[PDB]
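A.B. asks: Can you keep this structure in mind? I'll have questions shortly.
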Amino acid sequence: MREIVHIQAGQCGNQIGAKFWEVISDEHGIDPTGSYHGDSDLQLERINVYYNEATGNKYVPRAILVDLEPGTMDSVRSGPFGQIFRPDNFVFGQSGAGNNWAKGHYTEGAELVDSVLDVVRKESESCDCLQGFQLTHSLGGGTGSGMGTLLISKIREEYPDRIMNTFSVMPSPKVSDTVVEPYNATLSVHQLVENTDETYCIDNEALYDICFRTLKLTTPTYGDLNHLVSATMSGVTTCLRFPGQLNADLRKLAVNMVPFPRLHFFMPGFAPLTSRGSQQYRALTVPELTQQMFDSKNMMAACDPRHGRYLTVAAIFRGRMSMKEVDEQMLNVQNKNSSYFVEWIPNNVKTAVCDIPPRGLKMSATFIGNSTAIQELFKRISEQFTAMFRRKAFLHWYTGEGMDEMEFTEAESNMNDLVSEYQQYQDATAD
Amino acid sequence: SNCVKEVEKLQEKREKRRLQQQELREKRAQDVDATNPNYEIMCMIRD
Amino acid sequence: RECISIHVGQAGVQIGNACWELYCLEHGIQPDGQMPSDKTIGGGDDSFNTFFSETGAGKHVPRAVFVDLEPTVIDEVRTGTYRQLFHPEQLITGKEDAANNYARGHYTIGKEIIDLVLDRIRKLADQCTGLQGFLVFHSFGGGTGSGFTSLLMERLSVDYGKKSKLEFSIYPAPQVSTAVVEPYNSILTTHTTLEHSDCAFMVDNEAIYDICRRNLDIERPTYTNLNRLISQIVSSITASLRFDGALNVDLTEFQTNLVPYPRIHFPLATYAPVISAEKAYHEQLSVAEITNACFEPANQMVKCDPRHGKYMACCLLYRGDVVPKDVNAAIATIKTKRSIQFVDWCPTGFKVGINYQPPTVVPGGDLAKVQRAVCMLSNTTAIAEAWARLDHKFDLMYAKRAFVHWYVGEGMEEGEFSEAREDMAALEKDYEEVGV
Ligand SMILES: Nc1nc2c(ncn2[C@@H]2O[C@H](COP(=O)(O)OP(=O)(O)OP(=O)(O)O)[C@@H](O)[C@H]2O)c(=O)[nH]1
Ligand SMILES: Nc1nc2c(ncn2[C@@H]2O[C@H](COP(=O)(O)OP(=O)(O)O)[C@@H](O)[C@H]2O)c(=O)[nH]1
Ligand SMILES: [Mg+2]
Ligand SMILES: [Mg+2]
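Right under this line is the structure:
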């Protein structure tokens, strides 16, 4: 178990992917040209996980950038770190997507996917022991959602002995690029249920909340949300990016966090809630960290855990701090709200500690949660969707691209079923 | 040997049944005369 | 006469590292394999040659081969301060680890390397002029240790019929625990190993934790700490095979002294004195005191109360500077003072042996270079507490068959659980019947 091959698709997926590579490239100590300049060896103990090793003391992101827009890659290259990417790993088309899933998954997308697969195979042949594949995309768009789900299918079928990992982002009525976001999202979930082992659900609406209310940014621009996404992703991958027995690789972490085949939808949690370029007049303690990162105000999905019981939790504390204080505080949070945890999974709340804290932050608290509260997300979509699917509105923009009306009902049904599954396992007892 | 699962089994078995009630049309929406853009309209008339 | 040791999984391999280090420190063997006394570049007849085979260069190579479906650990072996001891063929390194999955270690990744493992056992089982049997190290939670160990035991009562095979296991402590499914493996790697095992000791990591935190004052014990303890615990149960000793000199002798019935072969072991290298340092302890500490749950290796429980067999191995009649006196005082209830159909007399050599420890290690030491090997029914703290951590999950789909996905039927549960219930039942 070693290398992770990374992919990013769509406008949103490529933007937030760029920002994520900025983050971890700054943590580990990598410059926009690719040389290593850090002042710690722990940074390079597990550096191969996300980096090809190139001649000339360089470091290349083992990543693959996919879009059907032209201009997104332009915004990448002339971006800050756009020099480091091995140019053969750029793959993009010229048609566009139009926030149309069907276009991304059957037509204009299918005329580029084999060319993506050849670059994926070029990075997987120079691998030694490939772990799995990490994916980021939008679910409300056309490129990342459609072509993304396509890639997930063909890659998980080309190597089914490896891991499939996705960071999907939601449609938000408070952001809303279009009004077929429910459809795109619905189908993409229908794929993600049977296709992926892990899905870190970022909710665009939740991020609009955390920006407008907690951070008080009155007109949230897209980059504003992409900062919260970047922080979340940097945190959850700490287990994989630094020496740690707990959650050393994708397979381990997945086996610890996933007790049921379908239910692999994780509510992430970050603390403290930080704006861009803001001072820390009084950096948080340990009790304050643990108290916030389980509070609903710090959640990446627009859901309340005071309504849903956690099945598993992977908590990660970054920055040097008292380990005894950590264990104690975690015990506190667990057995003070034990009526909000499943007891039929003993010791289900694992915790790993890191020493190099995030950029600028002295201490942080990154939280992954397999919650039965995540259904509050689906039931939003599965309502948003149904309202339009009843009189079959906006269907000609997909059936006109060559799909089947039953492919939608398989999706809505599969989703309502995933929610009934979540509630079912919520009402579980010790009999 | 528990409950709760049982109400989930009742689900998991039906979803497959639904799948066959879709994988039926497909290879049975083939067979001999089974084409031309009016295929839906023809199947309508025939029924 | 000569025995062969075998190491499975992260825990097993590290434990092996420490244990062979201690063996060398006690016999007087240098890290490159030499020995001052020795016997002219290969004698093959000494007491300590039941475990070491000597070479023309006088290199006392241990009769052991190391195994991991994950090279990260065994590479710490071929890189450590003892890289010149073994031979790289005694080191087997897979690729994909079992990922704390029993089905990945028995079925999938196990079958893809077992043949090389047997292949490497063979070359060192040929140099055996007379093979007594095997000693195996592993864990209960780890994927490699739980799966590939059961595969090797199945394919070890085959290729070597029945001579002897003795087990060392590591019981899951939710303390330094890393996996949620550690019960699952732990049950299976027992249900599929109960029969191929002649004898089997256990190690509750929670007890080693409690002991390094109570008697050693290490608030946060790292892995090297706990391991450094468990080594000096093991090297007293096995010190009788490597020296010219009185008790426990054959691999089957353990089955005799300790095992009245082969299904029940899990002896509580207790070691005293456990004292730090900087702690107390007042007057050394007497023989009577270390003998008395053999019956304190604070010094037992599995968190169980032998008080509310019957004994079956009970040995006591002494080493250091001990007097016989003193031990006899302590034996009488304990025989009369306590309510140590023995079941009726067993010899309640306590067989004892000594080795008149100082119990050497790790120089600069976390423990004291103590003077006299005792290790009780008492099979007791109270050890049945341990399984109860797993089946309870088991029925909660099989009653929601969560985390089960991973085993199904890696080549194992759901009925193997349905039989592995009833099997354990049966063993627990036997542990009840011994008493009444
Ligand atoms: N005493 C002791 N126990 C350990 C140590 N490392 C792990 N364990 C225990 O062993 C169990 C995990 O087994 P491991 O041996 O680490 O895993 P593995 O056999 O290598 O299997 P894979 O990790 O999948 O390759 C856990 O329950 C731990 O409590 C150690 O260094 N010392
Ligand atoms: N966080 C974030 N979300 C975005 C961004 N751009 C678009 N989105 C969301 O993603 C969806 C649009 O998907 P997009 O990637 O633009 O379409 P695509 O090019 O076809 O993949 C909408 O629901 C938006 O709310 C962004 O920069 N950041
Ligand atoms: Mg686009
Ligand atoms: Mg391992």
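Residue numbers (the UniProt record's numbering), protein chains in the order written: chain A, 1 to 431; chain B, 157 to 203; chain C, 2 to 437.
By construction, the Cβ of each residue, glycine as well, lies at the ideal position given by its N, Cα and C atoms.
What's the gap between the Cα of residue 101/A and the Cα of residue 69/A?
C.D. replies: One C-alpha to the other measures close to 14 Å.
A.B. asks: Mind checking who residue 67/A pairs with in its DSSP beta bridge?
C.D. replies: According to DSSP, which records beta bridges pairwise, residue 67/A is partnered with 92/A.
A.B. asks: Can you list, in chain order, the residues of the stretch 161-192 of chain B whose Cβ is nearer than 9 Å to any Cβ on chain C?
C.D. replies: Those residues of the stretch 161-192 of chain B that come within reach of chain C (Cβ to Cβ, closer than 9 Å) are 161.
A.B. asks: What's the C-alpha gap between residue 293/C and residue 28/C?
C.D. replies: Answer to the nearest angstrom: the Cα atoms are 29 Å apart.
A.B. asks: Starting from the Cα of residue 210/A, find the closest Cα among 27/A, 269/A, 235/A, 72/A and give me that residue.
C.D. replies: For the residues 27/A, 269/A, 235/A, 72/A, the minimum Cα distance to residue 210/A belongs to 269/A.
A.B. asks: So within the stretch 231-304 of chain A, which uninterrupted alpha helix (DSSP H) runs reach at least 4 residues, ignoring any that extend past its ends?
C.D. replies: Whole alpha helix (DSSP H) segments, 4+ residues: 238-241, 250-257, 286-293.
A.B. asks: Say the cut is 7 Å; is the CB of residue 229/A nearer than that to a heavy atom of ligand 2?
C.D. replies: Residue 229/A: yes, Cβ under 7 Å from ligand 2.
A.B. asks: So that I know if they touch, is there some Cβ in chain B lying closer than 8 Å to that of residue 411/A?
C.D. replies: With 8 Å as the cut-off, residue 411/A does not count as an interface residue toward chain B.
A.B. asks: Any chance the CB of residue 70/C is under 7 Å from a heavy atom of ligand 1?
C.D. replies: Answer for residue 70/C: yes, Cβ within range of ligand 1.
A.B. asks: Just to make sure I have the definition right: I need the residues of chain C whose C-beta is within less than 9 Å of the C-beta of residue 1/A. Which are they?
C.D. replies: Chain C residues near residue 1/A: 71, 96, 97, 98, 100.
A.B. asks: So does the stretch 408-418 of chain A actually touch the stretch 187-198 of chain A, counting three or more Cβ pairs closer than 8 Å?
C.D. replies: Cβ pair count under 8 Å is three or more, so yes.
A.B. asks: With a threshold of 8 Å between beta-carbons, can residue 403/A be considered close to chain B, or not?
C.D. replies: Chain B, which has no Cβ nearer than 8 Å to the Cβ of residue 403/A, makes this no.
A.B. asks: Beta carbon of residue 301/C: closer than 7 Å to some heavy atom of ligand 1?
C.D. replies: Result no, Cβ not under 7 Å from ligand 1.
A.B. asks: From what residue to what residue does the beta strand (DSSP E) around residue 378/C run?
C.D. replies: It spans 374-381 - the beta strand (DSSP E) in which residue 378/C sits, taken as one unbroken run.
A.B. asks: In whole angstroms, give me the CA-to-CA distance for residue 354/C and residue 5/C.
C.D. replies: One C-alpha to the other measures close to 24 Å.
A.B. asks: Listing by chain order, which chain C residues have their CB less than 7 Å from the CB of residue 158/B?
C.D. replies: Simply 400, 401.
A.B. asks: Between residue 319/C and the rest of its own chain, which residues show a CB-CB distance below 6 Å, the 5 nearest in sequence each way excluded?
C.D. replies: Result list for residue 319/C: 355, 375, in chain order.
A.B. asks: Would you kindly check if the distance between the Cβ of residue 394/A and the Cβ of residue 388/A is under 8 Å?
C.D. replies: Taking 8 Å as the Cβ cut-off, residue 388/A and residue 394/A qualify as a contacting pair.
A.B. asks: Which value, in whole angstroms, describes the spacing of the CA atoms of residue 123/A and residue 241/C?
C.D. replies: Those two C-alpha atoms are separated by around 55 Å.
A.B. asks: What residue ranges within the stretch 190-243 of chain C form continuous alpha helix (DSSP H) runs of no fewer than 4 residues, ordered along the chain?
C.D. replies: Entirely contained in the stretch 190-243 of chain C, the alpha helix (DSSP H) runs reaching 4 residues are, in chain order, 206-215, 224-238, 240-243.
A.B. asks: Using a threshold of 7 Å, is the CB atom of residue 67/A nearer than that to any non-hydrogen atom of ligand 3?
C.D. replies: Yes; taking the cut-off as 7 Å, the Cβ of residue 67/A has a heavy atom of ligand 3 nearer than that.
A.B. asks: May I have the straight-line CA-CA distance separating residue 84/A from residue 36/A, to the nearest angstrom?
C.D. replies: Cα to Cα, residue 84/A sits roughly 12 Å from residue 36/A.
A.B. asks: Compare the beta carbon distance of residue 218/A and residue 188/A with 8 Å and say whether it is the shorter of the two.
C.D. replies: Result no, Cβ atoms of residue 218/A and residue 188/A do not sit closer than 8 Å.
A.B. asks: Run the proximity test for residue 144/A: is its beta-carbon closer than 7 Å to any non-hydrogen atom belonging to ligand 2?
C.D. replies: Checking every heavy atom of ligand 2 against the Cβ of residue 144/A, one is found closer than 7 Å.
A.B. asks: Taking the beta strand (DSSP E) that residue 6/C belongs to, which residues open and close that run?
C.D. replies: Looking at the DSSP string, the run of the beta strand (DSSP E) that includes residue 6/C is 3-9.
A.B. asks: Using a beta-carbon distance below 8 Å, is residue 406/A in contact with chain B?
C.D. replies: True, the Cβ-Cβ gap to chain B drops below 8 Å.
A.B. asks: What did DSSP end up calling residue 69/C once you bin it into helix, strand or coil?
C.D. replies: It is a strand residue.
A.B. asks: Taking the beta carbon of residue 21/A as the centre, do at least 16 other beta carbons fall within 10 Å, making it buried, or is it exposed?
C.D. replies: It counts as buried.
A.B. asks: According to the Cβ coordinates, are residue 60/A and residue 34/A closer than 8 Å?
C.D. replies: Result yes, Cβ atoms of residue 60/A and residue 34/A sit closer than 8 Å.
A.B. asks: My guess is that residue 198/A and residue 264/A are in contact by the Cβ rule of under 8 Å, so how many angstroms apart are they, rounded?
C.D. replies: The Cβ separation is near 6 Å, so the contact holds.
A.B. asks: For residue 425/A, which residues in chain B fall below 9 Å Cβ to Cβ?
C.D. replies: By Cβ distance, chain B contributes 160, 161, 164.
A.B. asks: Please tell me whether residue 428/A has its Cβ less than 8 Å away from any Cβ of chain B.
C.D. replies: So, interface residue.
A.B. asks: The stretch 194-215 of chain C: which residues have C-beta closer than 8 Å to a C-beta of chain A, in chain order?
C.D. replies: Listed in sequence order: no entries.
A.B. asks: Have a look at residue 199/C and residue 259/C and give me their C-alpha separation to the nearest angstrom.
C.D. replies: Roughly 11 Å between the two C-alpha positions.
A.B. asks: According to DSSP, simplified to helix, strand and coil, what is residue 132/A?
C.D. replies: Residue state, collapsed to three classes: strand.
A.B. asks: Could you say which of 38/A, 229/A, 352/A, 95/A lies nearest to residue 275/A if we only look at CA atoms?
C.D. replies: Ranking the options by Cα distance to residue 275/A, first place goes to 229/A.
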